[PDB]
Amino acid sequence: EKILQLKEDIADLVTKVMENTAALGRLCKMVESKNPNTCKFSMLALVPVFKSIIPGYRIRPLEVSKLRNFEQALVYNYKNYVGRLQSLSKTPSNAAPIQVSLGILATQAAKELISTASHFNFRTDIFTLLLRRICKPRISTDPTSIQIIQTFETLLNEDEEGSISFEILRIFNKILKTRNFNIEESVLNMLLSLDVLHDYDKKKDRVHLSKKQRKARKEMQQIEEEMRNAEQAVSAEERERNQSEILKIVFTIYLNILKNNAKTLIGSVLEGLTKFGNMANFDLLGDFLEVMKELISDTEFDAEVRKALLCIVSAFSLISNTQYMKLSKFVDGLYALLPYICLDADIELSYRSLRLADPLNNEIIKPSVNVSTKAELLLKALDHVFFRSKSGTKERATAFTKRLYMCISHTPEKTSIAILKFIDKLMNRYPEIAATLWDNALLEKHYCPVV
Amino acid sequence: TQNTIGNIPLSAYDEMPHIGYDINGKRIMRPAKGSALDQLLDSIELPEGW
Amino acid sequence: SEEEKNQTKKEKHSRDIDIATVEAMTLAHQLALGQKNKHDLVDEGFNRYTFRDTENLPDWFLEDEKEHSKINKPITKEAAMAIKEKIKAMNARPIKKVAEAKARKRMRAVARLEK
């Protein structure tokens, strides 16, 4: 029971530092090699120490109160701290279970740090130590992965000016350029979380001060007024710079996946290209749509059914997202596809294959390109034709009905319910037009007493 | 030179499947039909010696 | 993880390589269209300012040299076009700022009927 004595020694060191510079250096001397219990019981104990004691002003840019020996203490010891974390989580799957458990607890320590740290200039090391853990072809043995994805998502949801996001996605780009885009789709969901890109918008109780102290207070208020206005101007320029370079990073990540053509990733690629579209150069809107037309035409040489449905739904969602300012091959895309859609057995599939987490606010966040199976892709394509993005076309109303009735013969039950519910809405729009023969008695009592 | 069209604008041949003619008269065909993905990639992250 | 550190040696290289100025852009054109080859520029490279050490010297001296060591070479409009096409970023002209630009010009068209 040597562990108990070590626990109380480390506990005494915690009560020293929390309430002093040699003690923290001693705590970093604890974790070197060969002694796993000291390598794990103190490493997770230094986390609340750093959570309480880290000054968020970018420390290390080189009187009675020194504040220089204390800061060389914090920084120099933090180097070997994170450097130790580097050596810990670099261990591959073919290792000792002690070392592997040290790796899991090390990334747990790191992801706990990031929520409070990442302010000062020893952040990129921790960002590599978590993104290299996420960007792996096989995730089924790491319980931390889901939580690290969550922490990165929160990081990209508080980041207003874009400094954090740019410093993440530079490292992230390096990893995605060395490995030929073997990503797990949840990582493109954390790409969706970026709030940098989108906009979506007394007299009695006074402590008495001296005349020199009041004049000092007036001057300090005027300095702080300048700091408010200057930082407003700086961050307003920084937001523009970060949008300009992050969109370059984000799009090239996307289009290189659209080179490799991974069967699962395309849904999340077009999640991004429709959300973070309409904030590009506005010359690229015609270029994005011509890419969508190209990705339709690739499927016209013969899984691919999913891809072409994605292209249609994405295009209409793009133009329906153009909120500020004031489509043949896509409607004809549907009018050609409808045989191929109904001729496949894979219409209903939950789609929870390689994605671990359902990202953020899935009740509020409506994933307007990859909502569910493929049944809601037919529903949302048709909704994005006859209810969004005009294309009125009474002729196409009659044509789409006559193709849906040659699709009822090739449908599972739930899909045919939904299709007939849309035909109810087409009777609402265009007045012309357990069982098996349910409710067709209703609609065929809207041909004969109408026509 | 091997393309043999001078200080004329390349506004011409934008509607042709070839860029000019060369010595001993044969059709200098346009080399590739690139993807829309690659063209959009080269207008975000521009090539090295662009 | 070696390529993770070896590719960055090219990624940082191609930042000291990429054209930024009109003055570098013209010379890139003069290469691209056959006016000057490598051999011609190697002649032109020997300036008034060649054979100068730069690494041993203190910064307060070099920051006064480099300001005033720029030979005014002739430019073109053809180069200024492309360098304006190179610097223009993504959010330079979104839907928002286009709609806002028309919102400006409508107010101007109103202000000239206020008289």
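So the sequence lines, in the order shown, correspond to chains X, W and E. Take the first sequence: its letters are residues 132 to 150, 155 to 197, 209 to 347, 362 to 462, 467 to 490, 495 to 601, 630 to 647, numbered as in full-length UniProt numbering. End of the second sequence sits at 202 in full-length UniProt numbering; the numbers just go up one at a time, nothing left out. End of the third sequence sits at 753 in full-length UniProt numbering; the numbers just go up one at a time, nothing left out. Don't be surprised by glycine CBs; every beta carbon is placed ideally from N, CA and C.
For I317/X and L337/X, the gap between their C-alpha atoms comes out near 14 angstroms. Under DSSP, the beta-bridge partners assigned to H170/W are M181/W.
Here DSSP, grouped into helix, strand and coil, assigns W634/X to coil. For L198/W, the closest Cβ of chain E is nearer than 8 angstroms. Per DSSP, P183/X is one residue of the alpha helix (DSSP H) stretching across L181 to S187. Look at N267/X here: in three-state DSSP terms it is coil, with no helix or strand label. For a Cβ distance threshold of 9 angstroms, residue set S187, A188 and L189 of chain W lies close to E454/X, ordered along the chain. Here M745/E carries a helix assignment [DSSP, helix/strand/coil].
Within the stretch 704-727 of chain E, the residues whose Cβ lies closer than 8 angstroms to some Cβ of chain W are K724, listed in chain order.
According to the DSSP assignment, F318/X belongs to the alpha helix (DSSP H) that extends over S309 to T324. At a Cβ-Cβ threshold of 8 angstroms, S309/X and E398/X count as neighbours. Contacts with chain E (Cβ-Cβ distance below 7 angstroms) from the stretch 384-414 of chain X involve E400, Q403, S404, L407 and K408, listed in chain order. At a cut-off of 4 residues, the continuous stretches assigned as alpha helix (DSSP H) that sit fully inside the stretch 693-726 of chain E are 697-703 and 715-725. It is roughly 12 angstroms from the alpha-carbon of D347/X to the alpha-carbon of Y488/X. For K363/X, not one C-beta of chain E is nearer than 8 angstroms to its own C-beta. Look at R750/E: its C-beta is not under 8 angstroms from any C-beta on chain X.
The criterion of a C-beta distance shorter than 8 angstroms is not satisfied by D271/X and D305/X.
Nearest CB-CB separation between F436/X and chain W: not below the 8 angstroms threshold. Taking the beta carbon of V451/X as reference, the chain W residues within 7 angstroms of it are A188, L189 and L192, listed in sequence order. Taking a 10 Å sphere around the C-beta of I476/X, we find 16 or more other C-beta atoms and assign the residue as buried.
Separation of the CB atoms of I515/X and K542/X is rounded to 5 angstroms, and the pair is thereby assigned contact status at 8 angstroms.
Closest in C-alpha terms to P190/X, from the list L231/X, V210/X, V553/X and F216/X, comes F216/X. Collapsing the DSSP output to three states places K558/X in coil.
Your pair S484/X and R556/X checks out as a contact, with CB atoms roughly 5 angstroms apart and the cut at 8 angstroms. Leaving aside the five residues that flank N685/E on each side, the residues in its chain whose CB is nearer than 7 angstroms to its CB run, in chain order, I709. Residues of chain W whose Cβ lies closer than 8 angstroms to the Cβ of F448/X are, in chain order, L192. At a cut-off of 8 angstroms between beta carbons, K225/X makes no contact with chain E.
A residue is called buried once 16 or more other Cβ atoms fall within 10 Å of its Cβ, and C163/X is buried on that count. Shown here, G672/E sits in coil according to DSSP, grouped into three states, outside any helix or strand. Inclusion of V333/X and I409/X in the CB contact set at 8 angstroms is not warranted, their separation being larger than that value. A residue is called buried once 16 or more other Cβ atoms fall within 10 Å of its Cβ, and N438/X is buried on that count.
When rounded, the separation of the alpha-carbon atoms in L407/X and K372/X is 51 angstroms. Shortest Cα-Cα distance from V553/X to any of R325/X, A467/X, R597/X and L220/X involves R597/X. Closer than 8 angstroms to the CB of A479/X there is not a single CB belonging to chain E.
A straight line joining the alpha-carbon of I585/X with that of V537/X spans about 21 angstroms. When C-alpha distances from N636/X are compared across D592/X, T262/X and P599/X, the shortest belongs to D592/X.
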